[PDB]
>>> print(open('start05.json').read())   # JSON, C-alpha atoms
[["chain", "number", "residue", "atom", "x", "y", "z"],
["S", 1, "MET", "CA", -8.32, -16.10, -5.30],
["S", 2, "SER", "CA", -6.35, -14.04, -2.80],
["S", 3, "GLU", "CA", -5.43, -10.50, -3.81],
["S", 4, "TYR", "CA", -2.74, -8.92, -1.65],
["S", 5, "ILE", "CA", -0.53, -5.81, -1.67],
["S", 6, "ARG", "CA", 3.22, -5.06, -1.32],
["S", 7, "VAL", "CA", 4.65, -2.53, 1.20],
["S", 8, "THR", "CA", 8.04, -1.30, 2.40],
["S", 9, "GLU", "CA", 9.24, 1.88, 4.18],
["S", 10, "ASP", "CA", 11.93, 2.35, 1.63],
["S", 11, "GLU", "CA", 11.91, 0.94, -1.83],
["S", 12, "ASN", "CA", 15.06, -0.84, -0.78],
["S", 13, "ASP", "CA", 14.04, -1.64, 2.79],
["S", 14, "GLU", "CA", 12.19, -4.88, 3.14],
["S", 15, "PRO", "CA", 9.17, -4.96, 0.79],
["S", 16, "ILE", "CA", 6.56, -7.35, 2.07],
["S", 17, "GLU", "CA", 3.59, -9.20, 0.60],
["S", 18, "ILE", "CA", 0.41, -8.87, 2.66],
["S", 19, "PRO", "CA", -3.28, -9.85, 2.19],
["S", 20, "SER", "CA", -6.04, -7.23, 1.94],
["S", 21, "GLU", "CA", -9.83, -7.00, 2.29],
["S", 22, "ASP", "CA", -11.90, -8.02, -0.74],
["S", 23, "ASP", "CA", -13.05, -4.45, -1.21],
["S", 24, "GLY", "CA", -9.48, -3.70, -2.09],
["S", 25, "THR", "CA", -9.47, -2.00, 1.22],
["S", 26, "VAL", "CA", -7.54, -2.17, 4.49],
["S", 27, "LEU", "CA", -7.79, -0.73, 8.01],
["S", 28, "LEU", "CA", -5.51, 2.24, 7.50],
["S", 29, "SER", "CA", -5.63, 3.48, 11.09],
["S", 30, "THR", "CA", -5.24, -0.06, 12.28],
["S", 31, "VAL", "CA", -2.30, -0.29, 9.95],
["S", 32, "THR", "CA", -0.76, 2.90, 11.44],
["S", 33, "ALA", "CA", -0.74, 1.09, 14.84],
["S", 34, "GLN", "CA", 2.96, 0.60, 14.05],
["S", 35, "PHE", "CA", 5.39, 1.53, 11.38],
["S", 36, "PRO", "CA", 3.75, 0.03, 8.26],
["S", 37, "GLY", "CA", 3.33, 3.11, 6.09],
["S", 38, "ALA", "CA", 0.94, 4.24, 8.76],
["S", 39, "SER", "CA", -1.20, 6.97, 7.29],
["S", 40, "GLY", "CA", 0.50, 7.79, 4.06],
["S", 41, "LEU", "CA", 1.54, 5.95, 1.00],
["S", 42, "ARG", "CA", 3.93, 6.00, -1.82],
["S", 43, "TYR", "CA", 4.71, 3.08, -4.07],
["S", 44, "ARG", "CA", 7.00, 1.87, -6.79],
["S", 45, "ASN", "CA", 6.66, 0.72, -10.32],
["S", 46, "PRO", "CA", 3.80, -1.65, -11.60],
["S", 47, "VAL", "CA", 1.93, 1.51, -12.51],
["S", 48, "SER", "CA", 4.03, 4.24, -14.01],
["S", 49, "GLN", "CA", 7.00, 3.64, -11.65],
["S", 50, "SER", "CA", 5.71, 6.69, -9.91],
["S", 51, "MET", "CA", 6.06, 7.06, -6.13],
["S", 52, "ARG", "CA", 2.33, 7.41, -5.64],
["S", 53, "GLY", "CA", 0.22, 6.95, -2.58],
["S", 54, "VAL", "CA", -2.75, 4.86, -1.63],
["S", 55, "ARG", "CA", -6.29, 6.11, -0.91],
["S", 56, "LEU", "CA", -7.35, 6.89, 2.63],
["S", 57, "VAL", "CA", -11.12, 7.13, 3.16],
["S", 58, "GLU", "CA", -12.78, 7.43, 6.60],
["S", 59, "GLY", "CA", -9.97, 5.40, 8.17],
["S", 60, "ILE", "CA", -9.70, 3.01, 5.24],
["S", 61, "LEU", "CA", -6.81, 2.53, 2.87],
["S", 62, "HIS", "CA", -8.30, 1.82, -0.57],
["S", 63, "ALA", "CA", -6.76, 0.56, -3.80],
["S", 64, "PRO", "CA", -8.48, 1.42, -7.13],
["S", 65, "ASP", "CA", -11.41, -0.73, -8.28],
["S", 66, "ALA", "CA", -9.30, -2.80, -10.63],
["S", 67, "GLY", "CA", -6.23, -0.69, -11.16],
["S", 68, "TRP", "CA", -2.93, -2.25, -10.18],
["S", 69, "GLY", "CA", -3.03, -3.80, -6.77],
["S", 70, "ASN", "CA", 0.02, -4.82, -4.98],
["S", 71, "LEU", "CA", 2.77, -2.56, -6.00],
["S", 72, "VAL", "CA", 5.64, -2.26, -3.72],
["S", 73, "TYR", "CA", 4.60, 0.53, -1.49],
["S", 74, "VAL", "CA", 6.87, 3.13, -0.13],
["S", 75, "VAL", "CA", 6.16, 4.16, 3.46],
["S", 76, "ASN", "CA", 5.05, 7.67, 4.35],
["S", 77, "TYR", "CA", 3.65, 9.07, 7.61]]
>>> encode(input="start05.json", output="C-alpha coordinates")
Amino acid sequence: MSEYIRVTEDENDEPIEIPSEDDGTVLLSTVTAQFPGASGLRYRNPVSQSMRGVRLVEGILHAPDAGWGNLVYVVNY
(Lines of atoms letter the chains of each structure in order from A and count residues from 1; the text may use other names and numbers.)
(Lines give C-alpha, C1' and ligand atoms only; values in the text may rest on other atoms or scores of the structure.)
Protein backbone atom coordinates (compact mmCIF):
# COMPACT_ATOMS: atom_id res chain seq x y z
CA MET A 1 0.00 0.00 0.00
CA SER A 2 2.46 2.62 -1.21
CA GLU A 3 1.03 5.76 -2.79
CA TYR A 4 3.55 7.81 -4.74
CA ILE A 5 3.57 10.78 -7.15
CA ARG A 6 5.05 11.53 -10.61
CA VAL A 7 7.22 14.61 -11.35
CA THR A 8 9.22 16.07 -14.25
CA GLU A 9 10.49 19.59 -15.09
CA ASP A 10 9.04 19.33 -18.53
CA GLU A 11 6.25 17.06 -19.54
CA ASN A 12 8.75 15.57 -21.93
CA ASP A 13 11.81 15.75 -19.68
CA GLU A 14 12.24 12.75 -17.47
CA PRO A 15 9.06 12.10 -15.45
CA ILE A 16 9.86 10.17 -12.32
CA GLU A 17 7.92 8.04 -9.85
CA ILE A 18 8.56 8.95 -6.22
CA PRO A 19 7.05 7.93 -2.82
CA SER A 20 5.21 10.43 -0.62
CA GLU A 21 4.11 10.80 3.02
CA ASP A 22 0.89 9.05 4.03
CA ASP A 23 -0.81 12.39 4.56
CA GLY A 24 -0.51 12.83 0.84
CA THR A 25 2.07 15.34 1.79
CA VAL A 26 5.75 16.01 1.11
CA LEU A 27 8.49 18.33 2.40
CA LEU A 28 8.13 21.03 -0.23
CA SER A 29 11.02 23.17 0.97
CA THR A 30 13.09 20.07 1.40
CA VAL A 31 12.10 19.19 -2.12
CA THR A 32 13.22 22.64 -3.39
CA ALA A 33 16.73 21.79 -2.05
CA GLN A 34 17.46 21.05 -5.72
CA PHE A 35 15.69 21.20 -9.01
CA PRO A 36 12.66 18.96 -8.38
CA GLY A 37 9.80 21.36 -9.06
CA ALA A 38 11.09 23.20 -6.04
CA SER A 39 8.34 25.47 -4.83
CA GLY A 40 5.83 25.39 -7.61
CA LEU A 41 3.89 22.79 -9.43
CA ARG A 42 2.19 22.06 -12.63
CA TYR A 43 1.14 18.64 -13.81
CA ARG A 44 -0.20 16.72 -16.74
CA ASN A 45 -3.23 14.68 -17.51
CA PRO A 46 -4.84 12.10 -15.02
CA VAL A 47 -7.09 14.94 -13.92
CA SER A 48 -8.35 17.14 -16.69
CA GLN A 49 -5.02 17.14 -18.59
CA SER A 50 -4.65 20.56 -17.12
CA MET A 51 -1.20 21.91 -16.20
CA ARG A 52 -2.18 22.44 -12.58
CA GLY A 53 -0.06 22.82 -9.53
CA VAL A 54 0.24 21.10 -6.20
CA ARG A 55 -0.67 22.55 -2.79
CA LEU A 56 1.96 24.25 -0.67
CA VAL A 57 1.02 24.68 3.01
CA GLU A 58 3.47 25.90 5.69
CA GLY A 59 6.38 24.32 3.83
CA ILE A 60 4.41 21.23 2.83
CA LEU A 61 3.42 20.11 -0.63
CA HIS A 62 -0.05 18.53 -0.33
CA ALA A 63 -2.11 16.45 -2.74
CA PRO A 64 -5.94 16.43 -2.36
CA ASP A 65 -7.50 14.08 0.21
CA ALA A 66 -8.37 11.44 -2.33
CA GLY A 67 -8.26 13.29 -5.61
CA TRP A 68 -5.82 12.00 -8.19
CA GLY A 69 -2.40 11.40 -6.77
CA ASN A 70 0.54 10.84 -8.89
CA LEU A 71 0.07 12.71 -12.05
CA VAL A 72 3.08 13.57 -13.98
CA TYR A 73 4.04 16.86 -12.55
CA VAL A 74 5.46 19.69 -14.49
CA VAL A 75 8.19 21.64 -12.71
CA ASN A 76 7.75 25.28 -11.75
CA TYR A 77 9.85 27.51 -9.48
>>> atom_distance(input="start05.json", atom1="atom CA of residue 11 of chain S", atom2="atom CA of residue 71 of chain S")
10.6 Å
>>> residues_near_point(input="start05.json", point="(2.2, 0.5, -5.3)", cutoff="10 Å", atoms="only C-alpha atoms", output="PDB file with C-alpha atoms, in the frame of the given file")
ATOM      1  CA  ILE S   5      -0.530  -5.810  -1.670  1.00  0.00           C
ATOM      2  CA  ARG S   6       3.220  -5.060  -1.320  1.00  0.00           C
ATOM      3  CA  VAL S   7       4.650  -2.530   1.200  1.00  0.00           C
ATOM      4  CA  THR S   8       8.040  -1.300   2.400  1.00  0.00           C
ATOM      5  CA  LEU S  41       1.540   5.950   1.000  1.00  0.00           C
ATOM      6  CA  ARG S  42       3.930   6.000  -1.820  1.00  0.00           C
ATOM      7  CA  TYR S  43       4.710   3.080  -4.070  1.00  0.00           C
ATOM      8  CA  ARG S  44       7.000   1.870  -6.790  1.00  0.00           C
ATOM      9  CA  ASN S  45       6.660   0.720 -10.320  1.00  0.00           C
ATOM     10  CA  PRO S  46       3.800  -1.650 -11.600  1.00  0.00           C
ATOM     11  CA  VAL S  47       1.930   1.510 -12.510  1.00  0.00           C
ATOM     12  CA  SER S  48       4.030   4.240 -14.010  1.00  0.00           C
ATOM     13  CA  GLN S  49       7.000   3.640 -11.650  1.00  0.00           C
ATOM     14  CA  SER S  50       5.710   6.690  -9.910  1.00  0.00           C
ATOM     15  CA  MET S  51       6.060   7.060  -6.130  1.00  0.00           C
ATOM     16  CA  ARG S  52       2.330   7.410  -5.640  1.00  0.00           C
ATOM     17  CA  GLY S  53       0.220   6.950  -2.580  1.00  0.00           C
ATOM     18  CA  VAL S  54      -2.750   4.860  -1.630  1.00  0.00           C
ATOM     19  CA  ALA S  63      -6.760   0.560  -3.800  1.00  0.00           C
ATOM     20  CA  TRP S  68      -2.930  -2.250 -10.180  1.00  0.00           C
ATOM     21  CA  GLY S  69      -3.030  -3.800  -6.770  1.00  0.00           C
ATOM     22  CA  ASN S  70       0.020  -4.820  -4.980  1.00  0.00           C
ATOM     23  CA  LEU S  71       2.770  -2.560  -6.000  1.00  0.00           C
ATOM     24  CA  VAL S  72       5.640  -2.260  -3.720  1.00  0.00           C
ATOM     25  CA  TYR S  73       4.600   0.530  -1.490  1.00  0.00           C
ATOM     26  CA  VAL S  74       6.870   3.130  -0.130  1.00  0.00           C
TER      27      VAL S  74
END
>>> atom_distance(input="start05.json", atom1="atom CA of residue 32 of chain S", atom2="atom CA of residue 1 of chain S")
26.4 Å
>>> atom_distance(input="start05.json", atom1="atom CA of residue 55 of chain S", atom2="atom CA of residue 20 of chain S")
13.6 Å
>>> residues_around(input="start05.json", residues="residue 25 of chain S", least_positions_apart="6", cutoff="8 Å", atoms="only C-alpha atoms", output="PyMOL selection string")
chain S and resi 60-63
>>> closest_residue(input="start05.json", among="S:2, S:9, S:14, S:67", to="residue 34 of chain S", atoms="all atoms listed in the file")
S:9
>>> residues_around(input="start05.json", residues="residue 40 of chain S", least_positions_apart="4", cutoff="7 Å", atoms="all atoms listed in the file", output="PyMOL selection string")
chain S and resi 53+75-77
>>> axis_aligned_box(input="start05.json", around="segment 20-38 of chain S", padding_each_side="4 Å", output="lines of an AutoDock Vina configuration file")
center_x = -3.8
center_y = -1.9
center_z = 6.4
size_x = 26.4
size_y = 20.3
size_z = 24.9
>>> decode(input="start05.json", residues="segment 7-41 of chain S", atoms="N, CA, C and O atoms", output="short mmCIF file (atom, residue, chain, number, x, y, z; two decimals), in the first residue's frame")
data_model
loop_
_atom_site.label_atom_id
_atom_site.label_comp_id
_atom_site.auth_asym_id
_atom_site.auth_seq_id
_atom_site.Cartn_x
_atom_site.Cartn_y
_atom_site.Cartn_z
N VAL S 7 6.76 13.24 -11.13
CA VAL S 7 7.22 14.61 -11.35
C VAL S 7 8.19 14.68 -12.53
O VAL S 7 8.90 13.72 -12.78
N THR S 8 8.13 15.74 -13.33
CA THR S 8 9.22 16.07 -14.25
C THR S 8 9.24 17.57 -14.56
O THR S 8 8.20 18.22 -14.52
N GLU S 9 10.41 18.14 -14.87
CA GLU S 9 10.49 19.59 -15.09
C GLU S 9 9.71 19.99 -16.32
O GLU S 9 9.00 21.00 -16.33
N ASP S 10 9.82 19.17 -17.33
CA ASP S 10 9.04 19.33 -18.53
C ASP S 10 8.28 18.06 -18.72
O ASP S 10 8.73 16.99 -18.32
N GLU S 11 7.14 18.17 -19.34
CA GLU S 11 6.25 17.06 -19.54
C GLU S 11 6.99 15.98 -20.32
O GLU S 11 6.75 14.79 -20.15
N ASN S 12 7.91 16.45 -21.14
CA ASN S 12 8.75 15.57 -21.93
C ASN S 12 10.21 15.66 -21.49
O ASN S 12 11.13 15.52 -22.30
N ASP S 13 10.46 15.93 -20.20
CA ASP S 13 11.81 15.75 -19.68
C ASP S 13 11.95 14.30 -19.29
O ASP S 13 11.77 13.40 -20.11
N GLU S 14 12.25 14.08 -18.03
CA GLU S 14 12.24 12.75 -17.47
C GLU S 14 11.28 12.68 -16.29
O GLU S 14 11.66 13.01 -15.17
N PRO S 15 10.02 12.29 -16.53
CA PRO S 15 9.06 12.10 -15.45
C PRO S 15 9.44 10.91 -14.58
O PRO S 15 9.85 9.86 -15.08
N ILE S 16 9.33 11.10 -13.29
CA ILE S 16 9.86 10.17 -12.32
C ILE S 16 8.81 9.78 -11.29
O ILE S 16 7.98 10.60 -10.90
N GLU S 17 8.84 8.53 -10.87
CA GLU S 17 7.92 8.04 -9.85
C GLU S 17 8.59 8.07 -8.49
O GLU S 17 9.67 7.52 -8.31
N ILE S 18 7.95 8.73 -7.54
CA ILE S 18 8.56 8.95 -6.22
C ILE S 18 7.53 8.80 -5.09
O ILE S 18 6.40 9.26 -5.22
N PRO S 19 7.93 8.16 -3.98
CA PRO S 19 7.05 7.93 -2.82
C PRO S 19 6.78 9.20 -2.02
O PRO S 19 7.62 10.11 -1.97
N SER S 20 5.61 9.26 -1.39
CA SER S 20 5.21 10.43 -0.62
C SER S 20 4.75 10.03 0.79
O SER S 20 4.55 8.85 1.07
N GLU S 21 4.58 11.03 1.66
CA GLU S 21 4.11 10.80 3.02
C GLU S 21 2.63 10.51 3.02
O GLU S 21 1.87 11.07 2.22
N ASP S 22 2.23 9.65 3.96
CA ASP S 22 0.89 9.05 4.03
C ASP S 22 -0.20 10.10 4.05
O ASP S 22 -1.36 9.81 3.73
N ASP S 23 0.16 11.31 4.43
CA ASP S 23 -0.81 12.39 4.56
C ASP S 23 -1.16 12.89 3.17
O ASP S 23 -2.07 13.69 2.97
N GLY S 24 -0.41 12.37 2.22
CA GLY S 24 -0.51 12.83 0.84
C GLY S 24 0.34 14.05 0.68
O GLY S 24 0.12 14.89 -0.20
N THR S 25 1.31 14.14 1.56
CA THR S 25 2.07 15.34 1.79
C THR S 25 3.56 15.07 1.59
O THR S 25 4.00 13.93 1.69
N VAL S 26 4.32 16.11 1.28
CA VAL S 26 5.75 16.01 1.11
C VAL S 26 6.44 17.30 1.55
O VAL S 26 5.84 18.38 1.51
N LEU S 27 7.69 17.19 1.98
CA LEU S 27 8.49 18.33 2.40
C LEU S 27 8.83 19.21 1.20
O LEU S 27 9.82 18.98 0.52
N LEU S 28 8.03 20.23 0.97
CA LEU S 28 8.13 21.03 -0.23
C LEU S 28 9.46 21.75 -0.26
O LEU S 28 10.19 21.65 -1.23
N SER S 29 9.79 22.41 0.84
CA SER S 29 11.02 23.17 0.97
C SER S 29 12.22 22.24 0.86
O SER S 29 13.24 22.56 0.24
N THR S 30 12.05 21.05 1.40
CA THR S 30 13.09 20.07 1.40
C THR S 30 13.25 19.53 -0.02
O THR S 30 14.35 19.25 -0.49
N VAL S 31 12.12 19.47 -0.71
CA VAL S 31 12.10 19.19 -2.12
C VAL S 31 12.86 20.26 -2.91
O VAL S 31 13.72 19.94 -3.70
N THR S 32 12.60 21.54 -2.64
CA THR S 32 13.22 22.64 -3.39
C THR S 32 14.74 22.68 -3.24
O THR S 32 15.40 23.41 -3.98
N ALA S 33 15.27 22.00 -2.22
CA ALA S 33 16.73 21.79 -2.05
C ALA S 33 17.43 21.18 -3.28
O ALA S 33 18.35 20.36 -3.13
N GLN S 34 17.02 21.60 -4.46
CA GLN S 34 17.46 21.05 -5.72
C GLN S 34 16.61 21.60 -6.83
O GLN S 34 15.90 22.59 -6.64
N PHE S 35 16.67 20.97 -7.99
CA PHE S 35 15.69 21.20 -9.01
C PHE S 35 14.79 19.97 -9.12
O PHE S 35 15.09 19.02 -9.84
N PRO S 36 13.68 19.99 -8.37
CA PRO S 36 12.66 18.96 -8.38
C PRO S 36 11.24 19.44 -8.73
O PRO S 36 10.28 18.67 -8.65
N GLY S 37 11.10 20.70 -9.11
CA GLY S 37 9.80 21.36 -9.06
C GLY S 37 9.78 22.39 -7.95
O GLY S 37 8.93 23.26 -7.90
N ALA S 38 10.77 22.25 -7.09
CA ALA S 38 11.09 23.20 -6.04
C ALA S 38 9.88 23.66 -5.23
O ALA S 38 9.50 23.01 -4.26
N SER S 39 9.27 24.74 -5.66
CA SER S 39 8.34 25.47 -4.83
C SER S 39 7.06 25.74 -5.59
O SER S 39 6.17 26.45 -5.12
N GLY S 40 6.97 25.17 -6.77
CA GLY S 40 5.83 25.39 -7.61
C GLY S 40 5.49 24.16 -8.38
O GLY S 40 6.37 23.39 -8.74
N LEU S 41 4.23 23.94 -8.65
CA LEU S 41 3.89 22.79 -9.43
C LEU S 41 3.03 23.11 -10.61
O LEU S 41 2.31 24.11 -10.66
#
